[PDB]
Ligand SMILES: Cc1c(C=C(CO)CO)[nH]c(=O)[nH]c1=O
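As a starting point, one isolated chain is supplied in structure tokens, in the form solved without the named molecule.
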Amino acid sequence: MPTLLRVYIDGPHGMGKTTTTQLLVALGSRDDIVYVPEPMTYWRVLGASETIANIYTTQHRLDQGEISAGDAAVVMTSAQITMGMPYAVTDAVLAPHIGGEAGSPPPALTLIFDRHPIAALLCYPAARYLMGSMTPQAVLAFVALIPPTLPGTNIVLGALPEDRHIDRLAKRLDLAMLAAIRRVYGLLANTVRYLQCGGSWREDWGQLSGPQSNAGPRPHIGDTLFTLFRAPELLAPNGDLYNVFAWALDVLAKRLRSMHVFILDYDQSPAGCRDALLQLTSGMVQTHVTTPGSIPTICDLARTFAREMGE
């Protein structure tokens, strides 16, 4: 009957996510909190060669008009499918060990992750779609593959003024991509709130024409991720979405509605972000585990991952 607390630190790159997470883990006991870091052994070496270098190289190539849109999409799609592998396998092996939600006693174990599978199967692809290097059909294929959302999926997204964000990144510095990813994560927070407030994309689809994930009123559908799928490519001759793409939005709705999103303000010092994140964890949802030996089992899985793909 021990409980588990899973916290996914996600959102745009360059906000201070990794540092904040490491500082939070550093305050805890080595046996009650484990960090599942960015899979760097996997991405620069194991899954393929330099996968980050290839992505930014292709977007610059495409932006300068050196390659076609089709050429970039093939590269982006394959890179994304590769890049998300570690998150997906981690989720798949952890899944059998997760029971139902308990409540917001201290968990026997706290697993903090550097990103959730939706970063690679939804957010980055969506941003690449906005940058013209991924088709909307491909984005929806990734959405259709997002794994079922485990109970107690606490996701922490970041808030940070664009100017301070840009400043932080200034040491290929793609400002268009930075804007696209910030917009996508902004849409993501609004989408969760929309769904949790009873929003039905099919009911509101007609309102399309032209963030706070756990607070505030119901957002307009135009301020959610649904708005991105109005593309001409996805529309049939009658004007509505083909059913295939509609079903993928149904999956998007299902996967995001049960998530627990929190917003962390990164516009402060590293210790400030840490203590703020520590405050946020108090209101997060824990889950029971399915077996007695799941704590130790999950714990070593996390350590192993940590040891191999990031350290």
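Residue indices: 1-based, along the sequence shown. For the two forms, the rigid core is made up of the largest set of C-alpha atoms that agree within 1.5 Å on superposition.
Core-aligned Cα RMS comparison in 7 other deposited structures of this protein - stretch that moves more, 245 to 253 or 58 to 66
Farther on average in 7 other deposited structures of this protein: 58 to 66.
Superpose on the core, then say which of 201 to 209 and 114 to 122 ends up with the larger RMS Cα offset from this form in 7 other deposited structures of this protein.
Taking the RMS over all superposed structures in 7 other deposited structures of this protein, 201 to 209 lies farther out.
Answer yes if residue 103 is missing coordinates in at least a third of the other compared entries, and no if every one of them models it.
Yes, a third or more of the compared structures omit it.
What does the record say about the segment between residue 104 and residue 105: how many deposited residues are without coordinates (none, 1 to 3, 4 to 9, 10 or more)?
Gap between residue 104 and residue 105: 1 to 3 residues without coordinates.
So 107 to 115 or 173 to 181, which one's hotter by mean CA B-factor in the entry?
Comparing averages over the C-alpha atoms only gives 173 to 181.
Per the record, averaged over C-alpha atoms, which has the higher B-factor: 58 to 66 or 258 to 266?
If you average the C-alpha B-factors of 258 to 266 and of 58 to 66, the larger mean comes out for 58 to 66.
Between 280, 26, 251, 48, let me know which has the highest C-alpha B-factor in the entry?
So the option with the highest C-alpha B-factor is 48.
Per the PDB entry, maximal CA B factor within 208, 141, 95, 160
Within the set 208, 141, 95, 160, 208 shows the top C-alpha B-factor.
By its CA B factor, does residue 187 count among the lowest, middle or highest third of the modelled residues in the chain?
CA B-factor rank for residue 187: lowest third.
Taking the entry's C-alpha B-factors for this chain, is residue 166 in the lowest, middle or highest third?
Highest third, going by the recorded CA B-factors of the chain.
Would the CA B-factor of residue 195 place it in the lowest, middle or highest third of its chain?
Lowest third of the chain for residue 195's C-alpha B-factor.
Chain-wide C-alpha B factor ranking for residue 223, given as lowest, middle or highest third:
It belongs to the middle third of the chain when residues are ordered by C-alpha B-factor.
Using the temperature factors of the C-alpha atoms in this entry, rank residue 12 within its chain: lowest, middle or highest third.
It belongs to the middle third of the chain when residues are ordered by C-alpha B-factor.
Absent from the display: the form deposited with the named molecule bound. The rest refers to it.
Counting heavy atoms only and using a 4.5 Å cut-off, do 56, 80 and 124 all touch the named molecule in the deposited complex?
Checking in the deposited complex: 56, 80 and 124 are all within 4.5 Å of the named molecule.
Even though the partner isn't displayed, in the deposited complex is residue 250 close enough to the named molecule, meaning a heavy atom within 4.5 Å?
Residue-level check for residue 250: no, no contact with the named molecule.
Is there a non-hydrogen atom of residue 13 within 4.5 angstroms of a non-hydrogen atom of the named molecule in the deposited complex?
Within the cut-off, so yes.
Applying a 4.5 Å heavy atom distance criterion, does residue 193 contact the named molecule in the deposited complex?
Close contact is absent here: in the deposited complex, residue 193 is far from the named molecule, nothing within 4.5 Å, heavy atoms only.
Please determine whether residue 52 contacts the named molecule in the deposited complex, using a 4.5 Å cut-off between heavy atoms.
Contact check for residue 52: yes, within 4.5 Å of the named molecule in the deposited complex.
Candidate stretches 233 to 241, 201 to 209, 219 to 227, 81 to 89 - the one whose heavy atoms come within 4.5 Å of the named molecule in the deposited complex:
Selected stretch: 81 to 89.
State the residue from 111, 94, 72, 120 whose non-hydrogen atoms include one within 4.5 Å of the named molecule in the deposited complex.
Here the answer is residue option 120.
Only one of 275, 32, 38, 63 has a non-hydrogen atom within 4.5 angstroms of the named molecule in the deposited complex; which is it?
Comparing distances to the named molecule in the deposited complex, the residue within 4.5 Å is 38.
Within 4.5 Å of the named molecule in the deposited complex: residues from 267 to 288 (heavy atom criterion):
Sequence-ordered list is empty.
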